[PDB]
Amino acid sequence: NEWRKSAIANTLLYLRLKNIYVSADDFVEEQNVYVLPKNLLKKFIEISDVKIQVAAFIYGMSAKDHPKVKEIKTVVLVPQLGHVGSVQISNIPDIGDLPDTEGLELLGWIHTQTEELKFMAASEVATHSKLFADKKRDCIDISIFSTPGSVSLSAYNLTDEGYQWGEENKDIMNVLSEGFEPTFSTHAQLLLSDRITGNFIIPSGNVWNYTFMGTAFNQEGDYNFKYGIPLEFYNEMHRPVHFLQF
Amino acid sequence: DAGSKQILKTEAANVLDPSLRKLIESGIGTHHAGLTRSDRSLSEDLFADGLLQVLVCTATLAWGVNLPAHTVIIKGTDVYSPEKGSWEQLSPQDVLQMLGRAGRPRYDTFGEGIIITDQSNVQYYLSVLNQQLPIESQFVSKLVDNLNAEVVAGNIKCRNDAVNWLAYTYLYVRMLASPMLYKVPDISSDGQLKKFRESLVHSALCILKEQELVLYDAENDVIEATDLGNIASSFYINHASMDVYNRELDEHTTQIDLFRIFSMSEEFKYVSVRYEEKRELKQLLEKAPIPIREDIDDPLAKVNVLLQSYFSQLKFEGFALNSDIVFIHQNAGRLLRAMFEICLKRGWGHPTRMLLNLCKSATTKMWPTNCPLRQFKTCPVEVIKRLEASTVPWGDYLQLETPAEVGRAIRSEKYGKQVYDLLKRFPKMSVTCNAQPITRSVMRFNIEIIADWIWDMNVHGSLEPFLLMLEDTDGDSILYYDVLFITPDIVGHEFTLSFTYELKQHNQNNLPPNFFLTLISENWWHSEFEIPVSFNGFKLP
Amino acid sequence: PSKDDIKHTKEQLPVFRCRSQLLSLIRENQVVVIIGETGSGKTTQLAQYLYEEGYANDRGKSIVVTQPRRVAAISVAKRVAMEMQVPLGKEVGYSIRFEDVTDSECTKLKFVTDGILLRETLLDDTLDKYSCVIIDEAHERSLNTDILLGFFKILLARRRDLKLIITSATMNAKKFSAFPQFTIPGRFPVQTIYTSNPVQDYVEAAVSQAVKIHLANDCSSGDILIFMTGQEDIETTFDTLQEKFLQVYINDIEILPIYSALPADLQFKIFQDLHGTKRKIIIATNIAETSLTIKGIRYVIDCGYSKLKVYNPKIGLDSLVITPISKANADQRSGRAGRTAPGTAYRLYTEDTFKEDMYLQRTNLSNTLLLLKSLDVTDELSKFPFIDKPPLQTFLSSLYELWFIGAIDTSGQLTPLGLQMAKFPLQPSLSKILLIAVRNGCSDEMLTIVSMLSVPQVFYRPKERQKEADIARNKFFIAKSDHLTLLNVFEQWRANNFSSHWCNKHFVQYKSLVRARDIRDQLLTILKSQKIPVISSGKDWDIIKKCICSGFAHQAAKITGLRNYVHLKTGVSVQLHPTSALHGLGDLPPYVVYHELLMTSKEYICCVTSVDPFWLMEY
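Protein chains in written order, with the UniProt record's numbering: chain A, 2150 to 2395; chain B, 774 to 1314; chain C, 338 to 516, 521 to 528, 530 to 591, 603 to 714, 721 to 978.
Rendered as structure tokens:
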């Protein structure tokens, strides 16, 4: 029962949202800006763990006003298996056959972490390449540094050196740390907005957190999906096993 | 030995299972509940027929049965009050019920009643059995709760209604007659206790107003009925408990908190963790499925762990504690409901949804994370275990419309045809919903529903009720609700619902992508069906 | 008392510390994945714990089995019977090719080879009444193992009520995740060396001699357990070692060879204890790689090579091929060393060590495609979430092979022939020929021959012994056919039952006769279960040997002089195997069908059978 302590902790995780910090630099109208609806952030943290990483894809689309303002519309939460400092994510979901999905782009992923950095780390780069290397290269990464008190958002692109390096690393160990570069990643323009509201898409089975089911986690699984309200990380459904002891 | 023994020892063998039989061979029976229905009926009937000389009883015999004996002995008069969290003396009515067994009226010339107790008590039980313990009113102790219920029934608006009401109480008839006992100030001034009545009513009302069960203006003298007081009356909840539910229940209230809030109820004020049971209790508190923030010193931890146990039907050794737990389930139901009622009124989507399960969980004596084949009383014990361990989604089993197919998933042939029949008896809905903007601010929602189960009277009763909510995109804000009662004439055929909801200003300026519309069985696990309600192309006028 | 002593003993083993966490996880999950050290208990004790936690809260269960090899099935069945104080046919029982000792129906636990449970999946495409399989030695990537995954993943998506288990001591955690893990900490340690110059020709008999002198200068009492690739390098290395000892030097050492083809008593001598100062120096193949507990072994070695069997689809050519082992084989070998005391391993591992290079775990997928399409796992094979299927190339060979066999229709969906064949624990070519042998009314001789072209070698050949003895060749009598030597041997064996003595007197390998028997009666019983007419009935030896041409059906030969050959797949030049009946003569019909084509230092053709021009021309 390491989790019991974490599970109790996650109840107050809503208080971290009185302190929301977004990484900013000089606005460049030559490159994109990603708009993340504030409600999605609030929820995504509310369902996250304090220690273990939690991740989702983001889908959105450009407005007419500016083709370079990509509004994020939907966060797709998918079967996955979290760890401290890394997360194993299933493949890009097929959501084509859902309603209102007319002309969404897959813009990238978004995830929690417990180490504040100014650059994409090595598990990030491994996973970012795993997911997007051969599929869609411009996919950003929105990294959320979540810690007692606050959350701090940070958006990155990955360079091709990054991708290549990530392709080389099928696996990542605690100690190996071979060939890594902080310059692999570049600041991407993120704006949090409260004037658009986005929504969730969750697996049809409803469970996204295969920690306590790590045998059944299919990392190339062809899964089904629906619009819906995502479960919390230590939600009873993510823990069939604990109700067996009792 | 010749007459009885063959007639006894025939009968002694046949239905007797436990250690009861080695007692019955000796002509003495035992009789309690939680004993085989045939086994206790033998006891009654052998004792009735002269063959047992001695039946040893728990108190139920005294209310349940008509089984007299010449002699009745109360061994001991110590009883455990779980309510009071403590050992106590037999109440007078229990002793008088027990003694009503003494003496067979048709046969016996007379009857004998023996009480056995500490000398301290003897004087007391003397008075009880000899017409000298007076009947006196306790109406003040429950005055606040009972006043509120008439306020809620709308028979009280001004506090003169209250002092009239009190005149039809026993308290009142009894106060007039022994004002010193009831601590009246001065009957001669007060006459028929008009100022006393008014004063009780006042103090009562103020503590009610303090807790938001009522609205009160002393100066004006208007009594008014809150929605919260209206729950307290309807679900028979202690005012203090409504207070705790008021402060503690939150938009961000969580499963782990609910168990705590539940355990905070006035109903469980006296629950204490006694020294001996503490070792066993710690064993359960660390295998607890929902985290307990509270210590094992704390009483709240006990009530919490006990309730979690009832949901898992845990076997308990200690008698003390097993009585305690029983006390909890018989209240758990209507407390958890009162909690649910508040959250639904207040709009909090997520705790409302969770409370509804706890309510289910306390009816069905099982947790959410269990396939409801276990919910059909009429399923075998092995078959579900194979459907739980596998991990195939619950709903997944439901989709198959072929009786052979369902049997292949089970991996049993004959259980596969009977479970197909059960499956078709599991409640399910179809929901469609479009929306129509009436004005800019006002949206009408038009819903069409089909109920898809085949009715069985043993399995569904007269009706199966269904909560319908329309909730915001976050899934945190209940925007409309209504309860649908499905009945055997309703299943299979389509119907329509319409309602309006007034969009908040935020959403008026930028429509959200969607809302949600959800139907949940009040009774049947994992029969929830929700659909998104798009606003995709929409122009608000 | 003896059973309460067995309990006490069980409760000291490392896996007992986890037994409740384990039992919960299984009960709660379709799937599992035990991981735990070599000797930890995983075998013996997991299926005990499952049976027990039915039997001790009023329930019953079933179960099935632990691992891949015949000797493991039988041996750890006999163990677990002793750890119950029961005879084998109560709650024990095994099932292997040619040997079965059934359990009661109900409680009871069912210890089998992989291939046998695949055959039983014909009578249950659901594998039901079986609560709880188990998993044994999953990291032995055999085609049967990998087939029975595909079928079990699909079954568990049908029938959640079922329970799996997985289990090894050496296994990729990441790979398992891709395809609840439970780690069992605790054993003895095994100190591991790596040779330190290119191990390039890996019976560097110099490396071998010098290592055995070093591990005799350390005065550490224990037995050595070399691992070698086949009977050739076992007999050369052992013989060479003996020669060196006479030249360099029994009353200090006994060499003992261990291969599936040696007499069953010689096999049992590996586990026996040698006189006083005599060190025992096993030279074994991969049959000693997994499960076993040769008490006395302190000191492995490991030449890092195995004996693979290597199809090519486009030309239809099989071949034996000495190949680098995989990291999993290396780990299992080393695990033989620290089960009963601290040990060493001596990985002769440098070149194709490159240990990094050494593949973690290479096999034709056709059998596993049939299981993916007979459990209805039905997207397609190449969107099965394997692990592997690895290469796309080998996937499309298997789909094309099933298509041409008429196991698959125009839509990629199974035919009735394909469904039946997916239920037989054979090659599907051999399953096709079996159905032709059930029409004809020749099923029982075809069943013997199909089982025999899926089993260990049948004759015993002493050490360097360049050929059969002329008694064994006069088990073919007239007809130049390995397949009929092995029938005449099997007929006669089935009568004797004084049968260790019969085997000895005719130089035959007792546990290949028993395995072949068991395989034959399983394939017959699965036939009958799938609603078929058997019999045998007339000049069937001719119709039967003909049918062999369609069960091994690119494997046709010529004869172009003494011990020289000529594969009728465009003219390539091969040798009759030195074990064959037909290992020398002029004979009568110059066309042979064979069971294997085996790369060595030449290509060689294995179990042969002469077949007339009409037999080759119309099957």
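C-beta: ideal position from N, C-alpha, C; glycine also.
Alpha-carbon to alpha-carbon, residue j and residue i
i, j, result
"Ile-907 of chain C", "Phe-624 of chain C", "39 Å"
"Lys-782 of chain B", "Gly-776 of chain B", "11 Å"
"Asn-787 of chain B", "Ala-806 of chain B", "20 Å"
"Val-402 of chain C", "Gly-629 of chain C", "38 Å"
"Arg-1052 of chain B", "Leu-863 of chain B", "29 Å"
"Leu-1031 of chain B", "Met-1112 of chain B", "9 Å"
"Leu-2190 of chain A", "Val-2274 of chain A", "22 Å"
"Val-429 of chain C", "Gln-385 of chain C", "10 Å"
"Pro-2248 of chain A", "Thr-2223 of chain A", "12 Å"
"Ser-679 of chain C", "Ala-2204 of chain A", "35 Å"
"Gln-714 of chain C", "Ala-681 of chain C", "6 Å"
"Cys-931 of chain B", "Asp-963 of chain B", "20 Å"
"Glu-442 of chain C", "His-2260 of chain A", "52 Å"
"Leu-825 of chain B", "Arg-877 of chain B", "16 Å"
"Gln-685 of chain C", "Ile-808 of chain C", "33 Å"
"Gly-572 of chain C", "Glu-823 of chain C", "13 Å"
"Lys-2167 of chain A", "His-1025 of chain B", "14 Å"
"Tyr-2372 of chain A", "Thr-727 of chain C", "23 Å"
"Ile-372 of chain C", "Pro-521 of chain C", "11 Å"
"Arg-1110 of chain B", "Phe-1008 of chain B", "8 Å"
Proximity to residue i [Cα-Cα], best of the options
i, options, result
"residue 2400 of chain A", "A:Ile-2289, A:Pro-2389 and A:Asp-2283", "Coverage of chain A is limited to positions 2150 through 2395, which leaves residue 2400 of chain A absent and any answer about it impossible."
"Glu-477 of chain C", "C:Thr-439, C:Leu-661, C:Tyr-467 and C:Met-570", "C:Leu-661"
"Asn-2188 of chain A", "A:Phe-2395, A:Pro-2389, A:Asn-2348 and A:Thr-2364", "A:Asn-2348"
"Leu-627 of chain C", "C:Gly-487, C:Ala-617, C:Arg-876 and C:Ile-650", "C:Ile-650"
"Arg-1181 of chain B", "C:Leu-359, C:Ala-494 and C:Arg-396", "C:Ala-494"
"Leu-2340 of chain A", "A:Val-2171, A:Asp-2243 and A:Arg-2165", "A:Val-2171"
"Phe-1218 of chain B", "B:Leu-1241, B:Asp-1225, B:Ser-1235 and B:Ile-846", "B:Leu-1241"
"residue 529 of chain C", "C:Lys-415, C:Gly-378, C:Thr-444 and C:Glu-348", "No atoms of residue 529 of chain C appear, because in chain C residue 528 is followed directly by 530."
"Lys-839 of chain C", "C:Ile-484, C:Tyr-953 and C:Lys-347", "C:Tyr-953"
"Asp-1194 of chain B", "B:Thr-1246, B:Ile-1227, B:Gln-1281 and B:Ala-1208", "B:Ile-1227"
"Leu-806 of chain C", "C:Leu-362, C:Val-893, C:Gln-533 and C:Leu-454", "C:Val-893"
One or two residues paired with residue i in a DSSP bridge
i, result
"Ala-552 of chain C", "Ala-552 of chain C is not bridged to any residue."
"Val-1046 of chain B", "None; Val-1046 of chain B has no bridge partner."
"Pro-2352 of chain A", "A:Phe-2374"
"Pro-744 of chain C", "Beta-bridge pairing links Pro-744 of chain C to no other residue."
"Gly-884 of chain B", "Answer is none; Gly-884 of chain B lacks a bridge partner."
"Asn-665 of chain C", "C:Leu-670"
"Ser-951 of chain B", "DSSP, once it has assigned bridges, lists no residue as partnering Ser-951 of chain B."
Distance between beta carbons of residue j and residue i, contact taken as under 8 Å
i, j, result
"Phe-1089 of chain B", "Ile-1098 of chain B", "6 Å"
"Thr-697 of chain C", "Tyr-652 of chain C", "5 Å"
"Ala-475 of chain C", "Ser-505 of chain C", "5 Å"
"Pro-1062 of chain B", "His-2391 of chain A", "5 Å"
"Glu-607 of chain C", "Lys-633 of chain C", "5 Å"
"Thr-774 of chain C", "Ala-766 of chain C", "6 Å"
"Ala-1224 of chain B", "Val-1264 of chain B", "4 Å"
Contiguous beta strand (DSSP E) assignments of at least 3 residues, all confined to the stretch 1234-1298 of chain B: 1237-1244, 1251-1259, 1267-1275 and 1287-1294
Unbroken stretches of the alpha helix (DSSP H), 4 residues or longer, contained in the stretch 2185-2257 of chain A: Given a length threshold of 4 residues, each whole run of the alpha helix (DSSP H) inside the stretch 2185-2257 of chain A is given here in chain order: 2187-2195.
4-residue-minimum alpha helix (DSSP H) runs that sit fully inside the stretch 1133-1175 of chain B, ordered along the chain: 1154-1162 and 1167-1172
Unbroken stretches of the alpha helix (DSSP H), 4 residues or longer, contained in the stretch 869-916 of chain B: 892-902
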